[PDB]
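Here's the structure, in structure tokens; my notes come after.
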2 protein chains.
Amino acid sequence: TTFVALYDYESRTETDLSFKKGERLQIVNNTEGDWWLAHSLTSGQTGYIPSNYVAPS
Amino acid sequence: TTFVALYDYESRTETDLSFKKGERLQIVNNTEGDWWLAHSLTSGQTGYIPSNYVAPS
């Protein structure tokens, strides 16, 4: 239920969370699901997607 | 290996990927792992984290 940071992370956007090695973090369950880095074969664009919006082919 | 979008998604940041219902998307494996929404019990802050940076307590 609780995770521990193994490394320091500095936020790169307004939406990520900065944290330091050793911090205790809990996961927030939400409707979007885990986010994945994805490439659209249809548009050519690439970026993160909410995994509850997609399904395997 | 290939996923299909079930819904339309509009990007909210410079890092997410917009796509339309029906688009075919492939997952990009990378060092960060899936991203999770997380709450730091230590700082109080909340946002997305790269899951390869943490481990269960």
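Each chain gets a letter, A, B and so on, in the order the sequences are listed, and its residues count up from 1. Worth knowing before you read on, the calculation uses all heavy atoms, side chains too, and leaves out hydrogens, waters and symmetry mates.
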To the nearest 0.5 Å, atom OH of A/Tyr53 lies from atom OH of B/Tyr7 at 8.5 Å
Residues A/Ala38 and B/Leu17: closest non-hydrogen pair is O-CD2, 3.6 Å
Heavy atoms of A/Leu6 and B/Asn52 approach each other most closely as CD1-O, 3.9 Å
One should read off an interatomic distance between B/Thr13 OG1 and A/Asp16 CG, to the nearest 0.5 angstrom, of 9.0 Å
Tested for ring-ring contact (aromatic ring centres under 6.0 Å, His included) against A/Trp36, the lone hit among B/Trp35, B/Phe3, B/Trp36 is B/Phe3
Test item: A/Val4 and B/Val54 side chains (from C-beta on) under 4.5 Å apart, heavy atoms: no
Do you see a donor-acceptor pair shorter than 3.5 Å between the side chains of A/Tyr48 and B/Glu32? yes
query = Hey, are the side chains of B/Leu37 and A/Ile27 touching, using non-hydrogen atoms and a 4.5 Å cut-off?
reply = no
Here the gap from A/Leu41 atom CG to B/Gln26 atom CD, rounded to the nearest 0.5 Å, amounts to 4.5 Å
Residue from B/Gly47, B/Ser43, B/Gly22, B/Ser51 scoring the most non-hydrogen pairs under 4.5 Å with chain A is B/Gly47
Interatomic distance, CD@A/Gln45 vs CD@B/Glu23, rounded to 0.5 Å, equals 7.5 Å
